[PDB]
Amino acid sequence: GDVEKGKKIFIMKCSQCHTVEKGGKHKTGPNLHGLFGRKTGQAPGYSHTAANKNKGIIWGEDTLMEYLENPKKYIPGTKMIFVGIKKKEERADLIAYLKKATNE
């Protein structure tokens, strides 16, 4: 994925509710630093829904590809009110940016 394109997707569609930087603030949604390799719903200091807490999967490229295509289908009961990203290559670019920014 192209992380420069992914960053602009993140700004356009995600930054309204999320930060990615280490120690970044929670907003409507949790700060996302440390996302990869972590189980769902464990962002430190954020009050997740039980659904987000209980999904039980580990975030990685493949699980984020599925989640971000249709969030409420993957995690029924989520309070992330976002329709999803239809195009696979856009999701791949976003997730490549996420893998870089949430670990740097």
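A residue's number is simply how far along the shown sequence it sits, counting from 1.
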{"property": "Mean C-alpha temperature factor, higher of 41-49 and 73-81", "result": "41-49"}
{"property": "Higher-scoring stretch by recorded Cα B factor average, 23-31 or 50-58", "result": "23-31"}
{"property": "Chain-relative CA temperature factor third for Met12", "result": "highest"}
{"property": "Among modelled residues of the same chain, the CA temperature factor third for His18", "result": "lowest"}
